[PDB]
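# Just the first chains of my complex for now:
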Amino acid sequence: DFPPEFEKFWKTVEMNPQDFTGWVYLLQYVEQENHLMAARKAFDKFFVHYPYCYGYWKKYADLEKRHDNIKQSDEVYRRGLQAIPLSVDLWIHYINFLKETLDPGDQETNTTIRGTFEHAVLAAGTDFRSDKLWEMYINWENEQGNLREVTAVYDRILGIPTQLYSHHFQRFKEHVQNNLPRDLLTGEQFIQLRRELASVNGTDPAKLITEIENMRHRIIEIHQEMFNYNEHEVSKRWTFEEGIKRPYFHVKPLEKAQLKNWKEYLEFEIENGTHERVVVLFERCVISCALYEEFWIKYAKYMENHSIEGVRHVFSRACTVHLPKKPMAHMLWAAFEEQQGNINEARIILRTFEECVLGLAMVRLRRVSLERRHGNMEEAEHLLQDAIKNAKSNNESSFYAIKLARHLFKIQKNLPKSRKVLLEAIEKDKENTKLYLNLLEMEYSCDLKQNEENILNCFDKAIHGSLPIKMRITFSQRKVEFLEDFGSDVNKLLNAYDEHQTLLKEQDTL
């Protein structure tokens, strides 16, 4: 059981999965109809293709909720996060979702929420726009009253840059001001502080007030230093980060200006920031502007430098998912696979690609070139055989035949078979010069003896062709140039000049 027009929309994506617009139409459709299993099939396939679009994840989950089948909605949020673990907004949606649906009667709820917030920060807290997440964490651990944890959170976050670091600092200052220092720390963290005071100095209520106020100012001094440090590290990156205008993925193409922005900012962190900080920012630059292979490629280069098979994973997410058509990505990936030693996987990369996008230059060329370099020459031949077999354009099949002839003759010798291949190609085309040029270069390459007469056969068949061409006259030129350079007996040169002049005359007649 399905809604009526469903098939129609689906056929569109059945046609071209990259018709994002086709999706958008299908998804508004399935919402307005509110048929579950259809929407599930849809969203599942779509999110396989375009995961980094969180808003549709949220809408998917809100649908499953609308059908009061919550455990599915939890699976949806978790799946989306499994795909994209840096959409601050998505973690926020998951957390607010848990708040909506959890039984405080159970003790474990708060435990799950704690683990969830820790997961969220450990996955995406490093984002320069992850503030409302930290603030949510803070207010959470505050209402629970567990202000020790609140202080731990503030300690963690202030060692990280954000857009609104100053807001967090003023909140921490207010938090210290309006609460009791015994509550804040872990006894030890407290007690040592007290002892430190004593080294400077060398029951009573008012004296206790003095000590508490002094504790406050000392902690303020500590965190003010740390904040100055983080603010400097921010001001380094402020211009860059503000340069971004779209930290979220979207189909619309980016201006080259922001492309330079992402690239130069990436390079900046590469030189100075932590390797961890880099990987974070790099995955971000993958989330936005995922469409552009260039960035994934520079990512692969960086992951090369760190001597990790993550490059492997990276290429998959590039080719397997976002940009399957753009070829240079798959090319570079197969190149890396070859470089390491896992091999047949590269063959399968190529077979899958060509199976998808109907054969291309770089494709068949690289496939043959690898099967060549590793010595399974039979398959290398058969690729070009099938290529000419299935080639669509006569000039295309001619090109494939030229490449086959060159490889076969220069690599596997067997010059006669290259000749026969060329002549097959001729009978197919007859009219394209490149075939004759390659055959002549070939025969000339052999000694001027076995191919002495053969070169003349080639030249004669070129010039005596069915339809006379100005190119045939160029062939007359080159036959004469040959014979004048090297000739057995002048008689041949003289009859050749006769043919040349005769062709000049007939050319002028027509």
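The structure has been received and is ready for your questions. Numbers count the residues shown, from 1 in each chain, chains lettered A, B, ... in the order given.

# Would you indicate which residues of stretch A:269-280 are buried?
A:269-270, A:273, A:277-280 (16 or more other CB atoms under 10 Å). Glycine gets a C-beta too; all of them are placed from N, C-alpha and C.

# chain center to it: distance?
Centroid separation for stretch A:269-280 versus its chain: 19 Å, with CA atoms, centre = their mean, to the nearest Å.

# still on that earlier bit, which of the buried residues of stretch A:269-280 fall within helices?
Counting by DSSP state H, the part of those found in helices is A:269-270, A:277-280.

# Just the closest of the residues you listed to residue A:219, please.
For these, the minimum distance to residue A:219 (CB to CB) is 27.0 Å, reached by residue A:277.

# Does that closest one touch residue A:126 like I think?
Yes: the criterion here is CB atoms under 8 Å, and residue A:277 meets it with residue A:126 at 6.8 Å.

# Pick out the most distant pair among the buried residues of stretch A:269-280.
A:270 and A:280 (12.1 Å).

# For residue A:497, grab the count of nearby residues.
Residue A:497 has 16 neighbours, counted by other CB atoms under 10 Å.

# Please look at it and residue A:479 and confirm they touch.
No: because the distance of 9.8 Å does not satisfy CB under 8 Å, residue A:497 is recorded as not touching residue A:479.

# for residue A:426, what are its contacts?
A:435-436 (CB atoms under 8 Å, 6 or more residues apart in numbering).

# what about it, which SS state?
helix (DSSP: H, G, I helix; E, B strand; the rest coil).

# Domain boundaries for chain A, per the record?
A:6-185, A:455-510 (automatic domain parsing).

# Quick one: those domains as a markdown table, columns for distance to residue A:233 too.
Shown next, in a markdown table, are the domains of chain A (distance: least, CB to CB, whole Å):
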| stretch | distance to residue A:233 |
| --- | --- |
| domain A:6-185 | 6 |
| domain A:455-510 | 68 |
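
# Kindly incorporate the sequence below as chain B:
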Amino acid sequence: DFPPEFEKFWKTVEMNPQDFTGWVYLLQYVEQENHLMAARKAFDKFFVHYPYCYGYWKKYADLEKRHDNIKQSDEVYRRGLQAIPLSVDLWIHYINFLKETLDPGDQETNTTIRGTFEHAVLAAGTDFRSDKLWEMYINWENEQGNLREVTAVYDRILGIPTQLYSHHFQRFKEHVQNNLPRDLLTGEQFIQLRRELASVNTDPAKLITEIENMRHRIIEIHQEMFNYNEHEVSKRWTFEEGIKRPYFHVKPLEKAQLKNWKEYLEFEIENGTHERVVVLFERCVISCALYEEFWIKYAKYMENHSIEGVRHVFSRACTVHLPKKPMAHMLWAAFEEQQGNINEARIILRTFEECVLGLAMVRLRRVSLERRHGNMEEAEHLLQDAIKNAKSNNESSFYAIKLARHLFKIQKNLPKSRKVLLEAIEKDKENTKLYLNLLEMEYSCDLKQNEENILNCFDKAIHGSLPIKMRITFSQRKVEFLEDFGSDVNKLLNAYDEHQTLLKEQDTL
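Okay, chain B now, added to the rest:
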């Protein structure tokens, strides 16, 4: 002692011997000054270069006469005729000259005149415009009264076509009518005729009857022969009248008349006698001597008749009329080789290059000959001197490429071809053809020693510091190569990176 401005005119010819106009001016000058030795030097050299102009022969001879040095004028007429023996007008001038200056008191004069007329006809009487010559002969032997010889003359000419055949026939008819048949023939020629009369079958009326019958029978004979010759005329009338300039002149001919000469030649080739052809062919050489095509077809025809006259024609072609026009010398050296006399063809080539300061076809054919006959040292040295003297950097590059091809493919020694190519590069650096030919060479060997050698060539191409699209095309072809044949992908990828880098740097500029 010489006329003043002489040197100037002479330098023009000293400069450009073919400046016909320069001659014409020089000759009006030297005449108007009337200094002998100058005119002799002039006319002699000029006629060496442009003989076929008879009018200047006549003027030369008239000058020598004007200086009352007649023996020289006879030498001049004989010189011109030995050079050109089909100018009817010139023989006519020579004969009228003899009439003007000869002492009839001597008997030998008429003998010389007789021999001269016979020579004239035997050289040029066959011309379709040789009428006034025959008529002059006739009136000559008529005033002398020896009408038997006149009858012989008429017999000869009426077996030949002319523009005015009808004029000759009516003259023959009047000649028979107004003279005595006893006188006309040699008794023998007479008696046989008489005998024929009897086979059909003193008194004055009987004698008159026989004389009139003999006359009418002779007319019958010659009328038949004349009908035959008139047919042979009407075949060639349109052709011969098609000519508008039977005399040589520098001005170039319209292509229409060129076709006329061609097909008329072809006609006589098919029907006329070989001798009858050769006469007309020499005619077609006399006018339009400038056009190598006709001399060439002449040599081709003389091929069929198996005579070294071909040789003669080529000399007269190359040595004289068109020394610069190259296809003539090319074909002549080719024919010389074709016979077996060889070094003469080499000298043909050397003379040409000495004349016109070196050209492609020249060095190409010269080297190819020295090649085919095995003096490979000279074959190298030709291209060596070619590089020595080449004017344009591209010219020396081209000659060097030809040297490399010859040296490697023919004389083996691939290393010397490599070093020669690099010499050519260091000289030029910028010419693409050099790199392409070197690449084809190295590619021809196995993909191994020239794996690295090709890498050196391609590397110099790409790193050549040439801000050119061509450097990028060379990157393209290095990539195409490596994709076609590659040791390890690392090089292909580094090449792809360099290629992209150059794409970007080019786009910046």
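
# Once more for the contacts of residue A:426, now including chain B?
A:435-436 (CB atoms under 8 Å, 6 or more residues apart in numbering or on different chains).

# in what helix or strand does residue A:467 lie?
Secondary structure assigned from DSSP states H and E places residue A:467 in neither a helix nor a strand.

# Please look at it and residue A:510 and confirm they touch.
No: Residue A:467 is beyond contact range of residue A:510, at 11.5 Å (criterion: CB under 8 Å).

# How about residue A:431, nearest residue that isn't a chain neighbour?
residue A:467 (7.1 Å; CB to CB, 6 or more residues apart in numbering or on different chains).

# Tell me how far the one you found lies from chain B.
29 Å (CB to the nearest CB, to the nearest Å).

# How many residues are close by that residue?
Neighbours of residue A:467 under the rule other CB atoms under 10 Å in any protein chain shown: 7.

# One more: the one 3 residues further on?
Residues lying near residue A:470 (other CB under 10 Å) number 9.

# my guess is residue A:480 meets residue A:493, correct?
Yes: the pair residue A:480 / residue A:493 is scored as a contact, 7.3 Å apart, by CB under 8 Å.

# Looking only at neighbour counts, state which of those two leads.
residue A:493 (20 against 17).

# What residues does that one make contact with?
Contacts of residue A:493 (CB under 8 Å, 6+ apart): A:480, A:483-484, A:487, B:368.

# Cross the residues you listed against strands and list the overlap.
Assigned to strands by DSSP state E, none of the contacts of residue A:493 qualify.

# Angles on the backbone of residue A:17, please.
Backbone geometry at residue A:17, expressed as degrees, to the nearest 10, gives phi -50, psi -20.

# Check the gap between the residue lying closest to it once chain neighbours are set aside and chain B for me.
Spatially, and ignoring its direct neighbours in sequence, residue A:17 is nearest to residue A:49 (5.3 Å; CB to CB, 6+ apart). Distance, residue A:49 to chain B, by CB to the nearest CB: 29 Å.

# looking at it, residue A:49 is touching residue A:321, isn't it?
Yes: Residue A:49 is within contact range of residue A:321, at 7.4 Å (criterion: CB under 8 Å).
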